[PDB]
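Each protein sequence line maps, in turn, to chains O and X. Just so we're aligned: the first sequence equals residues 615 to 655, 673 to 788 in the entry's author numbering. Just so we're aligned: the second sequence equals residues 4 to 124 in the entry's author numbering. Where a beta carbon is used, it is the ideal one built from N, C-alpha and C, also for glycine.
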Amino acid sequence: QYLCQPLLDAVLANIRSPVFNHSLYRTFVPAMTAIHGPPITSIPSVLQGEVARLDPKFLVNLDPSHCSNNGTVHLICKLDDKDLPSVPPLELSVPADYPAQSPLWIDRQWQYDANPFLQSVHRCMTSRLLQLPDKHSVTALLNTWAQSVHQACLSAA
Amino acid sequence: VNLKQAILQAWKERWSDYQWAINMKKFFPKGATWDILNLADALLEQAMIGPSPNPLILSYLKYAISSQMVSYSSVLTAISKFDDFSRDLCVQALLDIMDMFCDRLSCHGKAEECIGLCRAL
């Protein structure tokens, strides 16, 4: 500001002119040249990474059915835990632009029915997924599945 | 990990369905996806021994059917192999078991498994 108002006034009163560059060059090239001399001489990566960094209790892979190589992918899950029994596969669908959103779980009510243990698992599952917050990931849901199975097994015996 | 040897120990003390499943894995290190073992077939052999089929073997068969990793084809072949129509209790139990898991017949796996499922059907 101070000591430089005339330059600001000159620049503002000169701007958006077709010959501004020519004027500036012709008025300021020679002294600068003389004083100093010459001038200077499919599947998104996030899903692949999160699958790579999951606990070896899970071996999730692509669904043999449904579409592929798109923004929305489908995965089928299997649980291999020595301390827990076998449960339905609990497949998932991943929408496009997975970060900053949440995946959804495809419920299969008839699969979990006809057994008190399996429907106890299912009601604990519904409770936990209602307890999960927004913007959650798939690893959190898988861990919730494992913990719900463990809690149901503990409650049974 | 012999079928009869493990089934007898499971039968001697009353066990829940999930505990038996948990235990079976512990008994044999190499499961081999229940193919060589013919676990579904083995249960049937224990079931038909009594004049009235025991409900615990039937429940174990139901649990095995529930898991997708047990093929429906082997159960159907084992059921078809028995026949001999000795008495009404066995055929009624087999009728209930068959009624439970039919009308879906979904098979996931290689194409030759589907071909074998066609022959089993």
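Subject >> For O/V718 and O/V752, believed in contact at Cβ under 8 Å, the rounded distance >> reply: With a Cβ gap of about 7 Å, O/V752 and O/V718 count as contacting.
Original post:
Taking only beta-carbon atoms, is O/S699 less than 9 Å away from chain X?
Top reply: No, no contact with chain X.
Original post:
Just to check, is the beta-carbon of O/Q782 closer than 8 Å to a non-hydrogen atom of the ligand COA?
Top reply: Annotation note on the ligand COA: not contained in the displayed structure, which lists no ligands.
Subject >> Residue range of the beta strand (DSSP E) that includes O/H705 >> reply: Looking at the DSSP string, the run of the beta strand (DSSP E) that includes O/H705 is 704 to 707.
Original post:
If you measure from the beta carbon of O/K766 to each beta carbon in chain X, is any gap under 9 Å?
Top reply: no
Original post:
O/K713: which of X/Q22, X/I10, X/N41 sits nearest, CA to CA?
Top reply: X/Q22
Original post:
Under the three-state reduction of DSSP, which class applies to O/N774: helix, strand or coil?
Top reply: helix
**OP:** Determine the burial state of O/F689: buried for a count of at least 16 other Cβ atoms within 10 Å of its Cβ, exposed for fewer.
**Re:** buried
**OP:** Mind reading off the beta-carbon distance from O/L685 to O/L706? Whole number of angstroms is fine, and I expect it under 8 Å.
**Re:** In fact, because the Cβ distance is near 12 Å, the residues do not count as touching under 8 Å.
**OP:** Show which residues of chain O have a CB atom less than 9 Å away from the CB atom of X/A13.
**Re:** None at all; the shortest Cβ gap to chain O is about 14 Å.
Subject >> Of the listed residues O/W776, O/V682, O/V643, nearest to O/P720 (C-alpha basis) >> reply: O/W776
Subject >> Meets three-Cβ-pair contact criterion under 8 Å: the region 62 to 77 of chain X and the region 8 to 25 of chain X >> reply: When C-beta atoms of the region 62 to 77 of chain X are compared with those of the region 8 to 25 of chain X, three or more pairs fall below 8 Å, so the two segments count as touching.
Original post:
Can you name the start and end residues of the beta strand (DSSP E) that O/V725 belongs to?
Top reply: Run containing O/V725: 723 to 725, per the beta strand (DSSP E) assignment.
Subject >> 9 Å Cβ cutoff met for X/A35 and X/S77 >> reply: With respect to the 9 Å criterion, X/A35 and X/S77 are not classified as neighbours on the basis of their beta carbons.
**OP:** Compute the distance between the beta-carbons of X/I60 and X/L47, then report whether it is under 9 Å.
**Re:** yes
**OP:** May I ask you to report which of helix, strand or coil DSSP gives O/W741?
**Re:** coil
Original post:
When DSSP builds the beta bridges, which residues end up paired with O/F689?
Top reply: According to DSSP, O/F689 bridges with O/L710.
Original post:
In chain order, what residues of the same chain have a beta carbon less than 7 Å from the beta carbon of X/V73, not counting five sequence neighbours either side?
Top reply: Within the same chain, Cβ atoms closer than 7 Å to the Cβ of X/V73 are found at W37, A43, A67, the five residues on either side in sequence being excluded.
Original post:
Nearest-angstrom Cα distance between X/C93 and X/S62?
Top reply: 15 Å
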